[PDB]
């Protein structure tokens, strides 16, 4: 929402069992809500001590390996599970299917505040890396890079540049540093205009049909595949209200009795895995929160993408 | 743009993941490329090839890469004798321009 | 209706050999058979940049940093030995005959019509102008391409080789016979009648053409140039490779064929430039210009399709040019 | 009802070898066993454009821009050395015999009828015309395909090889024996009786056929040309590649076998064109024309189906052509 | 390089179609094994158990 004064780069973090189930309709890379909740956890744990405000994540995903397996004779896939403990009686517990995946992402945390001036850049970069080393990103532990070739350090890029050329130089230097991955942005205006063209073709078509049409490899007869611009994916773009907002000590069995609970439901927007130098400014492509809590509509996106 | 960007990512993961560009010597290894061996010829040879890559700044790989995209197009003279070849050449020139300036600053 | 054939393949008449160049001294060109060959050797060249800058690299610091790192090449060079001032360029030339019969032709009627056309050409005027101009390009040493341009004295000895030996030997001074005038001499008419007899199919012609050139003691001779692989570095770059058959520099056979074919003084542009080589859409690679463009009706294909198909016989000059193209050979015909 | 068998695979009689070509001087052809072989070497050619333009590429600026960027090739060439004027093309020709017996046939009644028909032909008139024409195509050096058209003197030596050595040595003058007239000589009749005894199964025939060709000092010889892969760049294009068995130029075995098979002077067009190669639907791929088209009843297939199935025996020349196709071999039959 | 020499199924018996099909001859690269030029004996050697 606001512009970051600096752009921190947490380097390639190895996540071993992330959540492959991003949403009820999407499997694969975990939801960007996990990464925005991670940067809010980082702000809640060391952001208040350094007098900075870590907002926004650029999700890069150098490596992804889902713990899946294609069954024999089926085109679809199934998830490799774990073995839960037995019950108190000795029988096998009722299995619940949780998708696990191995990640390697690097995060662009947009850091703005009055703590960039108090501390050096390398100190606050090192302290948020040490705080991220004892955390988890989507349910999966962050592997801490022991006894390898060399440890990947951080770089807090002060985005306030003296010139346009030095700014473009350090943006290119950072893009070369997070290069083999694929930045994730939220392209929802493309989904809405594809819904507009779909409704032009056939009326009363809703945007779930436009989302599914942007998802699949659909064929057209003269046979030619309808082309897709980029790697468009369905992503859960936040939540939506189902119940009115309850009081803190009102709902039963909540997490805490001091925070208002509201029953919610996902909102599957459209995302687009694009390469990091297709953006020409890394102060875009960061994932912020947008709540508007009177209406529901607790959503996350990349504002200022285009 | 997607082809040029996948070429940039292939060069990135090949230059970063494998030390195999400086694994063995031979007679033919296409040594005019000098882009998929960035840390291979500088982090070991300090003044031998690093002084031949920073002053020379090898960015002539894009001219050889343009031959791939001329192989991607056919010999259709309905565009070669029309203004579609001009639009094709202008988009290829601006895209190899951005590929050149991305390839120019491998030294920083 | 007699449409043209889809394929037309004329085999090359006037086959030359690779012009093997050797070295020696003048005034013993009469004993010039054991002369040592001019060997192609390597030498290192270092150059500072001299090409045009493209208005972004015209900064003083950029240009000074660019001239601080000069490029290294190792070029093939062929020079005469230091005690030898004569370059013997020696090849052999067959004149085959049967200029109108194509080696490949689909339409039998078009092939018979083109054979009748060439037959009426040779009957009305035999290979007399073409053979005179080929004999000139043998007489003046135009096949010495750049080895001629500053030579003090060039002498061409052309031997007609019969059963195993010479039957009639010629001896020309290639600087008095100019590179642009097709005059008439007495020996040149005998050589032209020999090439005429070879071109008409009425006799076998194998000529050995031996050309000497006073270039100077240890000067550079210029054999033909091969192309390179472009796989190695930029210090041992090997930017220039010269032709050598067996440790002996040589001009290519098609360079000699191109210089023997420089008989075309009938192109619609100015004759103040001199002859060009007989090519369809008659084109020069140095000057970059295509004389006899097909918008004028003087290229080989429009002249041939008017002379054979619709019987619009051109002038004697343009049909000399057409028969010179049929002697030259080629892959004619559409797809 | 005697239907045609579904498969007919006739094996190849008259098996030739790869015609290895070496080089040397004339008048020492008797000591021509240690002659150096003609090596296929590379050379770079640079041409303009000379193909027909398609009425939309005839713009003058586009034509000049096309001749400003010429196509650089590298070609494989094989020349004689500069001190050699004789091309020794040597192969071996093995005549097997048993021309009628197929190697694969389903209908046994068709096999028995074909054997009875071919044995009726052989007993009526043995392999005498076919062997005379094969002996002519060994005698006149037609297997020297393009190495013959400008050759000054061609001499073919055919040595019948018994147990390890020569049993009968021939020596022909291939330019006096014409390329189109099958006359009768004394030695050619002895070679015809030898090939007759070979084709009839009454003897083992292994003829080492050596042919010399006075081309000239350092002139180009023309071995068989391979096909190129076309996987690389367009400056090192490698447009022409030549056949070579082991650092030695060579003509393909099926090219020699085709030049030996040019015995068919019985095709229904004019005989002023001369003999074409014995093929079903008898076709010359140079001239692009298939004589003995099946509209007329003179191809190999309708002649064989009339001779064997319904027993309408054709004329003498046509059944000579049929048995020449059976000597040639092939995969006859439906699918 | 070989021209067409197999049978025709009476629909391909047009003469212009036949000449057009022999104008584009089929090319192959076949694997062959020949003896050398100074060898006239083929030694086939195997074991039998």
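Cβ placement follows ideal geometry from the backbone for every residue including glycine, while neighbour counts extend to all protein chains displayed. A short reminder: the numbers here are calculations on the coordinates, not readings from a lab.
The table below lists the values:
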| read-out | value |
| --- | --- |
| Between 0 and 90°, nearest 10: helix C:108-124 axis offset from chain C longest Cα axis | 90 degrees |
| Calculated FRET value between residue D:15 and residue C:166, using beta carbons and R₀ = 41 Å, to 0.05 | 0.40 |
| Crossing angle, helix B:84-104 versus chain B [Cα axis fit, 0-90 degrees, rounded to tens] | 10 degrees |
| Structure-based [θ]222 nm, the protein assembly as shown - -39500 (n - 2.57) summed over DSSP H runs of at least 4, per residue, nearest 500 | -7500 deg cm²/dmol |
| Ascending count of other beta-carbon atoms within 10 Å, so fewest first, for C:170, D:26 | D:26, C:170 |
| Ranked by how many other beta carbons lie within 10 Å on average, peptides C:92-102, C:215-225 from highest | C:92-102, C:215-225 |
| Packing-based exposure ordering (other Cβ within 10 Å, fewest first) of D:246, B:41 | D:246, B:41 |
| Listed peptides A:267-273, D:314-320, D:188-194 by packing density, highest first (mean Cβ within 10 Å) | A:267-273, D:188-194, D:314-320 |
| Average beta-carbon neighbours from other chains, 10 Å sphere, peptide D:38-50 | 5 |
| Highest-first arrangement of C:136-146, B:77-87, D:124-134, where packing means the average Cβ count within 10 Å | C:136-146, D:124-134, B:77-87 |
| Ranked A:305, E:46, criterion: other C-beta atoms within 10 Å, fewest first | E:46, A:305 |
| The stretch D:94-228: mean projected area of Cα convex hull, nm² | 12.0 nm² |
| Backbone N under 14 Å from the residue B:16 label point (7 Å along Cα→Cβ), restricted to the stretch A:1-16 | A:9-14 |
| Cα gyration tensor shape of the stretch A:4-181, rounded if a/c is under 1.5, else prolate or oblate by comparing a/b with b/c | prolate |
| Cα Rg, Dmax, the protein assembly as shown, angstrom units | 40.4, 126 |
| Sites residue C:181 and residue D:71 - FRET efficiency at Förster radius 22 Å, r taken between beta-carbons, to 0.05 | 0.05 |
| Tensor-based shape of chain D (alpha-carbon gyration tensor, a/c under 1.5 rounded, otherwise prolate or oblate) | oblate |
| At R0 = 45 Å, FRET efficiency that the Cβ-Cβ distance of residue C:238 and residue E:49 yields, to 0.05 | 0.20 |
| Peptide B:3-14, shielding by other chains (average Cβ, 10 Å cutoff) | 3 |
| Spacing of the two label points (7 Å from each Cα toward its C-beta) at residue B:84 and residue B:32, in nm | 3.1 nm |
| The stretch C:193-214 versus the stretch C:104-143: alpha-carbon centroid distance in Å | 15 Å |
| Separation in nanometres of the label points that stand 7 Å from Cα toward Cβ, at residue C:108 and residue B:94 | 6.1 nm |
| Inter-label distance, nm, simple model (7 Å from Cα along the C-beta direction), residue A:252/residue A:134 | 3.8 nm |
| On Cα atoms only, tilt of D:316-328 relative to the major axis of chain D in degrees | 60 degrees |
| Per-residue average of Cβ from other chains inside 10 Å of C:286-299 | 3 |
| Shape call, the stretch D:1-107: gyration tensor on alpha carbons, a/c limit 1.5 | oblate |
